[PDB]
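query-v2.tsv, holding TSV, N, CA and C atoms:
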chain	number	residue	atom	x	y	z
A	356	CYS	N	88.27	112.37	109.84
A	356	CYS	CA	88.03	112.36	108.41
A	356	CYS	C	87.48	111.02	107.90
A	357	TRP	N	86.73	111.08	106.80
A	357	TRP	CA	86.01	109.94	106.24
A	357	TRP	C	85.91	110.18	104.76
A	358	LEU	N	85.32	109.25	104.01
A	358	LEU	CA	85.14	109.48	102.58
A	358	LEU	C	83.77	109.14	102.05
A	359	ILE	N	83.32	109.93	101.07
A	359	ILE	CA	82.08	109.67	100.37
A	359	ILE	C	82.36	109.42	98.89
A	360	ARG	N	81.66	108.45	98.31
A	360	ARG	CA	81.75	108.15	96.87
A	360	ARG	C	80.35	108.03	96.28
A	361	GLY	N	80.23	107.25	95.22
A	361	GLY	CA	78.93	106.91	94.69
A	361	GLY	C	78.38	107.99	93.78
A	362	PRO	N	77.18	107.76	93.23
A	362	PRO	CA	76.56	108.64	92.25
A	362	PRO	C	75.89	109.84	92.93
A	363	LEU	N	76.71	110.68	93.57
A	363	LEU	CA	76.22	111.90	94.21
A	363	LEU	C	76.98	113.14	93.77
A	364	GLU	N	76.33	114.29	93.95
A	364	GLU	CA	76.94	115.60	93.77
A	364	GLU	C	77.05	116.30	95.13
A	365	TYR	N	78.24	116.82	95.42
A	365	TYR	CA	78.61	117.24	96.78
A	365	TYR	C	79.12	118.67	96.86
A	366	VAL	N	78.67	119.39	97.89
A	366	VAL	CA	79.18	120.71	98.23
A	366	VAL	C	79.85	120.58	99.60
A	367	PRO	N	81.19	120.75	99.65
A	367	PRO	CA	81.86	120.60	100.92
A	367	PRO	C	81.27	121.59	101.89
A	368	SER	N	80.89	121.11	103.07
A	368	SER	CA	80.30	121.96	104.10
A	368	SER	C	81.24	123.05	104.60
A	369	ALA	N	80.64	124.07	105.21
A	369	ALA	CA	81.39	125.12	105.86
A	369	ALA	C	82.55	124.55	106.69
A	370	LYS	N	82.32	123.38	107.29
A	370	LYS	CA	83.19	122.83	108.34
A	370	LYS	C	84.04	121.65	107.90
A	371	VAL	N	83.91	121.25	106.64
A	371	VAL	CA	84.56	120.04	106.13
A	371	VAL	C	85.56	120.42	105.06
A	372	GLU	N	86.70	119.75	105.01
A	372	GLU	CA	87.72	120.09	104.03
A	372	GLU	C	88.10	118.92	103.14
A	373	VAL	N	87.92	119.08	101.83
A	373	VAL	CA	88.16	118.00	100.87
A	373	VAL	C	89.64	117.67	100.76
A	374	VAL	N	90.09	116.60	101.41
A	374	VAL	CA	91.53	116.31	101.50
A	374	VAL	C	92.09	115.63	100.26
A	375	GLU	N	91.48	114.52	99.85
A	375	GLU	CA	91.93	113.82	98.66
A	375	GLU	C	90.76	113.69	97.70
A	376	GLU	N	91.06	113.79	96.42
A	376	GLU	CA	90.07	113.51	95.40
A	376	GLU	C	90.40	112.13	94.88
A	377	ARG	N	89.68	111.12	95.37
A	377	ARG	CA	90.06	109.74	95.10
A	377	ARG	C	89.36	109.17	93.88
A	378	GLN	N	90.04	108.21	93.25
A	378	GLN	CA	89.58	107.56	92.05
A	378	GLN	C	89.89	106.09	92.24
A	379	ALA	N	88.88	105.25	92.11
A	379	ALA	CA	89.06	103.85	92.45
A	379	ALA	C	89.80	103.06	91.38
A	380	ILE	N	90.61	102.09	91.81
A	380	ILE	CA	91.43	101.28	90.91
A	380	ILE	C	90.63	100.12	90.34
A	381	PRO	N	90.62	100.01	89.01
A	381	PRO	CA	89.97	98.87	88.40
A	381	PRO	C	90.89	97.66	88.41
A	382	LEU	N	90.42	96.57	89.00
A	382	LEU	CA	91.24	95.39	89.11
A	382	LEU	C	90.63	94.24	88.35
A	383	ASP	N	91.46	93.55	87.58
A	383	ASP	CA	91.07	92.36	86.83
A	383	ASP	C	90.50	91.31	87.75
A	384	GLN	N	89.70	90.42	87.20
A	384	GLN	CA	89.32	89.21	87.91
A	384	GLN	C	90.50	88.70	88.71
A	385	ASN	N	91.69	88.81	88.13
A	385	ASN	CA	92.82	88.08	88.61
A	385	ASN	C	94.00	88.96	89.01
A	386	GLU	N	93.75	90.24	89.24
A	386	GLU	CA	94.83	91.11	89.71
A	386	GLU	C	94.36	92.05	90.81
A	387	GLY	N	95.31	92.67	91.50
A	387	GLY	CA	94.97	93.55	92.60
A	387	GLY	C	96.14	94.29	93.20
A	388	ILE	N	95.85	95.04	94.26
A	388	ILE	CA	96.77	95.99	94.89
A	388	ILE	C	96.93	95.67	96.37
A	389	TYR	N	97.96	96.21	97.03
A	389	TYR	CA	98.09	95.99	98.47
A	389	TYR	C	97.73	97.25	99.19
A	390	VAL	N	96.65	97.26	99.96
A	390	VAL	CA	96.36	98.43	100.79
A	390	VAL	C	97.02	98.28	102.15
A	391	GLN	N	97.13	99.38	102.89
A	391	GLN	CA	97.44	99.29	104.31
A	391	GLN	C	96.48	100.15	105.12
A	392	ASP	N	95.89	99.54	106.13
A	392	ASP	CA	94.99	100.23	107.02
A	392	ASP	C	95.85	101.00	108.01
A	393	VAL	N	95.90	102.31	107.84
A	393	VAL	CA	96.67	103.19	108.72
A	393	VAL	C	96.25	103.04	110.19
A	394	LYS	N	94.94	102.94	110.43
A	394	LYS	CA	94.41	102.62	111.76
A	394	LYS	C	95.05	101.34	112.28
A	395	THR	N	94.79	100.23	111.60
A	395	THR	CA	95.22	98.92	112.08
A	395	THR	C	96.72	98.70	111.91
A	396	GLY	N	97.28	99.19	110.81
A	396	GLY	CA	98.65	98.86	110.42
A	396	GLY	C	98.64	97.62	109.58
A	397	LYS	N	97.53	96.90	109.69
A	397	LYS	CA	97.16	95.83	108.79
A	397	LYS	C	97.47	96.22	107.35
A	398	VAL	N	98.14	95.32	106.64
A	398	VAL	CA	98.48	95.47	105.24
A	398	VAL	C	97.96	94.22	104.56
A	399	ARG	N	97.00	94.34	103.67
A	399	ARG	CA	96.50	93.15	102.98
A	399	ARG	C	96.60	93.26	101.46
A	400	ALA	N	96.19	92.21	100.77
A	400	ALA	CA	96.07	92.24	99.32
A	400	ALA	C	94.61	92.31	98.98
A	401	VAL	N	94.23	93.31	98.20
A	401	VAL	CA	92.87	93.39	97.70
A	401	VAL	C	92.94	93.01	96.24
A	402	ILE	N	92.31	91.91	95.87
A	402	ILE	CA	92.34	91.45	94.48
A	402	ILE	C	90.96	91.07	93.99
A	403	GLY	N	90.82	90.90	92.67
A	403	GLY	CA	89.58	90.39	92.08
A	403	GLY	C	88.66	91.39	91.42
A	404	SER	N	87.97	92.18	92.23
A	404	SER	CA	87.10	93.23	91.70
A	404	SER	C	87.83	94.57	91.73
A	405	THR	N	87.23	95.58	91.11
A	405	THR	CA	87.72	96.94	91.22
A	405	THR	C	87.48	97.44	92.64
A	406	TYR	N	88.46	98.16	93.16
A	406	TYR	CA	88.46	98.57	94.55
A	406	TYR	C	88.61	100.08	94.66
B	305	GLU	N	84.29	131.76	117.61
B	305	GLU	CA	84.08	132.96	116.81
B	305	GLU	C	84.07	134.15	117.73
B	306	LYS	N	84.97	135.11	117.47
B	306	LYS	CA	84.98	136.39	118.19
B	306	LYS	C	85.64	137.49	117.38
B	307	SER	N	85.05	138.67	117.42
B	307	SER	CA	85.72	139.90	117.00
B	307	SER	C	86.14	140.63	118.26
B	308	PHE	N	87.35	141.15	118.24
B	308	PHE	CA	88.00	141.46	119.49
B	308	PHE	C	88.70	142.78	119.38
B	309	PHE	N	88.23	143.75	120.15
B	309	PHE	CA	88.96	145.00	120.26
B	309	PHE	C	89.93	144.88	121.41
B	310	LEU	N	91.20	144.65	121.09
B	310	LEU	CA	92.21	144.55	122.12
B	310	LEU	C	92.24	145.87	122.85
B	311	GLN	N	91.87	145.82	124.12
B	311	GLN	CA	91.92	146.97	125.01
B	311	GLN	C	93.29	147.66	124.99
B	312	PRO	N	93.41	148.84	125.63
B	312	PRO	CA	94.73	149.44	125.73
B	312	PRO	C	95.64	148.62	126.63
B	313	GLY	N	96.86	148.38	126.16
B	313	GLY	CA	97.84	147.62	126.93
B	313	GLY	C	97.69	146.11	126.89
B	314	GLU	N	96.85	145.61	125.98
B	314	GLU	CA	96.78	144.18	125.64
B	314	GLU	C	97.82	143.90	124.56
B	315	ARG	N	98.23	142.65	124.41
B	315	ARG	CA	99.03	142.26	123.25
B	315	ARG	C	98.79	140.79	122.92
B	316	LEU	N	98.85	140.46	121.64
B	316	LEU	CA	98.66	139.08	121.23
B	316	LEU	C	99.98	138.35	121.26
B	317	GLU	N	100.10	137.42	122.20
B	317	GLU	CA	101.31	136.63	122.40
B	317	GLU	C	101.85	136.09	121.08
B	318	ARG	N	100.99	135.40	120.34
B	318	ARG	CA	101.35	134.80	119.07
B	318	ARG	C	100.26	135.10	118.06
B	319	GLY	N	99.87	136.37	117.98
B	319	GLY	CA	98.91	136.84	116.98
B	319	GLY	C	97.54	136.18	116.97
B	320	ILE	N	97.30	135.35	115.96
B	320	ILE	CA	96.00	134.69	115.78
B	320	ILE	C	96.21	133.24	115.36
B	321	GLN	N	96.62	132.42	116.33
B	321	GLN	CA	96.94	131.01	116.09
B	321	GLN	C	95.68	130.21	115.76
B	322	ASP	N	95.85	129.11	115.03
B	322	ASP	CA	94.71	128.22	114.75
B	322	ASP	C	94.64	127.04	115.70
B	323	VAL	N	93.41	126.65	116.05
B	323	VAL	CA	93.17	125.60	117.02
B	323	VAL	C	93.75	124.33	116.49
B	324	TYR	N	94.52	123.63	117.32
B	324	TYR	CA	94.98	122.31	116.98
B	324	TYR	C	93.75	121.48	116.73
B	325	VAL	N	93.71	120.81	115.60
B	325	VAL	CA	92.81	119.69	115.46
B	325	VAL	C	93.70	118.50	115.15
B	326	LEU	N	93.61	117.48	116.00
B	326	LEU	CA	94.57	116.38	115.99
B	326	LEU	C	94.23	115.27	115.02
B	327	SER	N	95.27	114.73	114.36
B	327	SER	CA	95.12	113.63	113.40
B	327	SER	C	94.21	112.55	114.00
B	328	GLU	N	92.92	112.74	113.74
B	328	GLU	CA	91.83	111.83	114.11
B	328	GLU	C	92.29	110.55	114.82
B	329	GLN	N	93.07	109.78	114.08
B	329	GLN	CA	93.39	108.44	114.47
B	329	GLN	C	94.75	108.53	115.09
B	330	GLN	N	95.74	109.00	114.33
B	330	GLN	CA	97.10	108.98	114.83
B	330	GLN	C	97.85	110.31	114.87
B	331	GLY	N	97.20	111.31	115.44
B	331	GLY	CA	97.82	112.60	115.69
B	331	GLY	C	97.71	112.87	117.16
B	332	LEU	N	98.81	113.32	117.75
B	332	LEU	CA	98.96	113.37	119.19
B	332	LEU	C	99.66	114.68	119.60
B	333	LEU	N	99.29	115.23	120.75
B	333	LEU	CA	100.04	116.34	121.36
B	333	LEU	C	100.54	115.94	122.72
B	334	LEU	N	101.76	116.31	123.05
B	334	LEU	CA	102.33	115.98	124.34
B	334	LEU	C	102.61	117.29	125.00
B	335	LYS	N	102.06	117.50	126.20
B	335	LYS	CA	102.19	118.81	126.82
B	335	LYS	C	102.53	118.79	128.31
B	336	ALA	N	103.55	119.56	128.70
B	336	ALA	CA	103.90	119.80	130.10
B	336	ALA	C	103.00	120.88	130.63
B	337	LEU	N	103.18	121.24	131.90
B	337	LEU	CA	102.44	122.39	132.43
B	337	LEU	C	103.23	123.22	133.45
B	338	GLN	N	103.49	124.48	133.09
B	338	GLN	CA	104.14	125.44	133.97
B	338	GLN	C	103.64	125.31	135.41
B	339	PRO	N	102.35	125.65	135.70
B	339	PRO	CA	101.84	125.50	137.07
B	339	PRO	C	100.85	124.36	137.28
B	340	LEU	N	100.79	123.86	138.51
B	340	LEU	CA	99.83	122.85	138.92
B	340	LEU	C	98.42	123.36	138.62
B	341	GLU	N	97.54	122.47	138.12
B	341	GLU	CA	96.11	122.80	137.88
B	341	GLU	C	95.14	121.60	137.88
B	342	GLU	N	94.08	121.69	138.68
B	342	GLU	CA	93.13	120.56	138.89
B	342	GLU	C	91.81	120.72	138.11
B	343	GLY	N	91.33	119.61	137.54
B	343	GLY	CA	90.12	119.61	136.71
B	343	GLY	C	90.04	120.76	135.72
B	344	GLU	N	91.20	121.32	135.39
B	344	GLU	CA	91.32	122.59	134.66
B	344	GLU	C	91.28	122.45	133.14
B	345	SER	N	91.90	121.39	132.64
B	345	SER	CA	91.87	121.07	131.21
B	345	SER	C	90.43	120.70	130.80
B	346	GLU	N	90.23	120.42	129.51
B	346	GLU	CA	88.92	119.97	129.01
B	346	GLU	C	88.63	118.50	129.37
B	347	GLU	N	89.62	117.85	129.99
B	347	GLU	CA	89.52	116.48	130.49
B	347	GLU	C	88.90	116.40	131.89
B	348	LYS	N	88.91	117.53	132.61
B	348	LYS	CA	88.55	117.59	134.04
B	348	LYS	C	89.42	116.64	134.87
B	349	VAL	N	90.67	116.49	134.43
B	349	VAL	CA	91.66	115.69	135.12
B	349	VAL	C	92.80	116.60	135.59
B	350	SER	N	93.11	116.50	136.88
B	350	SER	CA	94.18	117.27	137.48
B	350	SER	C	95.55	116.85	136.96
B	351	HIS	N	96.49	117.80	136.93
B	351	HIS	CA	97.89	117.50	136.66
B	351	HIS	C	98.76	118.30	137.60
B	352	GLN	N	99.83	117.68	138.09
B	352	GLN	CA	100.77	118.38	138.95
B	352	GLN	C	101.68	119.20	138.07
B	353	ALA	N	102.29	120.24	138.64
B	353	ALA	CA	103.22	121.08	137.90
B	353	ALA	C	104.33	120.24	137.29
B	354	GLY	N	104.52	120.38	135.99
B	354	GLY	CA	105.56	119.62	135.30
B	354	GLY	C	105.10	118.25	134.85
B	355	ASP	N	104.02	117.76	135.46
B	355	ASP	CA	103.39	116.46	135.17
B	355	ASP	C	102.94	116.35	133.72

Just dump the structure as structure tokens.
Amino acid sequence: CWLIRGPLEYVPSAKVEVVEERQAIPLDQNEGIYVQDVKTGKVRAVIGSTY
Amino acid sequence: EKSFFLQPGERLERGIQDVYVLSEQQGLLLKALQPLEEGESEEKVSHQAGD
């Protein structure tokens, strides 16, 4: 599984299943969230821009 | 894809099961094997009975 965003219109393919309907978090110049990379296990802080 | 006329004296062990598709990154299946079989899996790797 992977994700597509951006200014597009999408028809899920015969073979693809829309798992999450994601909406990006707007972050202040000076605020942010902690993601975790499930692959890596890596947990970082993403701050500054909207993510 | 198949349409299947079960011959006389056939039976579906577990009806119409769906193919495992494994959690891309972190989904795993662990499987024993009733009888010994060589290059038989989709891996073309032999396994001893119970292995």

Excluding range 380-390 of chain A and residues on its chain fewer than 2 positions from it, collect all residues at most 6 Å away from it, counting only N, CA and C atoms, and give them as a PyMOL selection string. chain A and resi 378+392+397-406

Any chance you could tabulate, as a Markdown table, the residues of chain B at most 8 Å from chain A with each one's nearest atom pair and distance in Å to one decimal, using all atoms listed in the file, in chain and rising number order?
| residue | atom | partner | partner_atom | distance |
| --- | --- | --- | --- | --- |
| B:327 | C | A:356 | N | 7.3 |
| B:328 | CA | A:356 | N | 5.6 |
| B:329 | CA | A:394 | CA | 6.5 |
| B:330 | N | A:394 | CA | 7.0 |

Contacts of residue 342 in chain B at 5 Å (only N, CA and C atoms; same-chain gap of 3+ positions) as a ChimeraX atom specification: /B:349-351

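Take CA of residue 347 in chain B and CA of residue 323 in chain B: the distance between them is 16.7 Å.
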
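Here CA of residue 313 in chain B and CA of residue 337 in chain B stand 26.2 Å from one another.
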
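When CA of residue 360 in chain A is paired with CA of residue 377 in chain A, their separation reads 8.6 Å.
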
Find the axis-aligned box for range 371-378 of chain A, covering all its listed atoms and adding 8 Å on each side, and write its centre and edge lengths in Å to one decimal as AutoDock Vina command-line options.
--center_x 88.0 --center_y 113.7 --center_z 99.3 --size_x 24.2 --size_y 31.2 --size_z 30.6

Based on DSSP run over this structure's backbone, return all residues of chain A in strand (DSSP E or B), as a ChimeraX atom specification. /A:387-391,398-402

Could you write out the selected residues, including N, CA and C atoms, as an mmCIF file, in the coordinates of the input?
data_model
loop_
_atom_site.group_PDB
_atom_site.id
_atom_site.type_symbol
_atom_site.label_atom_id
_atom_site.label_comp_id
_atom_site.auth_asym_id
_atom_site.auth_seq_id
_atom_site.Cartn_x
_atom_site.Cartn_y
_atom_site.Cartn_z
ATOM 1 N N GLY A 387 95.310 92.670 91.500
ATOM 2 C CA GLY A 387 94.970 93.550 92.600
ATOM 3 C C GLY A 387 96.140 94.290 93.200
ATOM 4 N N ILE A 388 95.850 95.040 94.260
ATOM 5 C CA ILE A 388 96.770 95.990 94.890
ATOM 6 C C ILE A 388 96.930 95.670 96.370
ATOM 7 N N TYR A 389 97.960 96.210 97.030
ATOM 8 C CA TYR A 389 98.090 95.990 98.470
ATOM 9 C C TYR A 389 97.730 97.250 99.190
ATOM 10 N N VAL A 390 96.650 97.260 99.960
ATOM 11 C CA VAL A 390 96.360 98.430 100.790
ATOM 12 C C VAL A 390 97.020 98.280 102.150
ATOM 13 N N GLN A 391 97.130 99.380 102.890
ATOM 14 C CA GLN A 391 97.440 99.290 104.310
ATOM 15 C C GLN A 391 96.480 100.150 105.120
ATOM 16 N N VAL A 398 98.140 95.320 106.640
ATOM 17 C CA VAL A 398 98.480 95.470 105.240
ATOM 18 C C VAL A 398 97.960 94.220 104.560
ATOM 19 N N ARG A 399 97.000 94.340 103.670
ATOM 20 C CA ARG A 399 96.500 93.150 102.980
ATOM 21 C C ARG A 399 96.600 93.260 101.460
ATOM 22 N N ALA A 400 96.190 92.210 100.770
ATOM 23 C CA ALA A 400 96.070 92.240 99.320
ATOM 24 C C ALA A 400 94.610 92.310 98.980
ATOM 25 N N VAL A 401 94.230 93.310 98.200
ATOM 26 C CA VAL A 401 92.870 93.390 97.700
ATOM 27 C C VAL A 401 92.940 93.010 96.240
ATOM 28 N N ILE A 402 92.310 91.910 95.870
ATOM 29 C CA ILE A 402 92.340 91.450 94.480
ATOM 30 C C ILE A 402 90.960 91.070 93.990
#

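Every residue within 12 Å of the file position (97.4, 122.2, 138.2), judged by only C-alpha atoms, is given as residues 336, 337, 338, 339, 340, 341, 342, 343, 344, 345, 348, 349, 350, 351, 352, 353, 354 and 355 of chain B.
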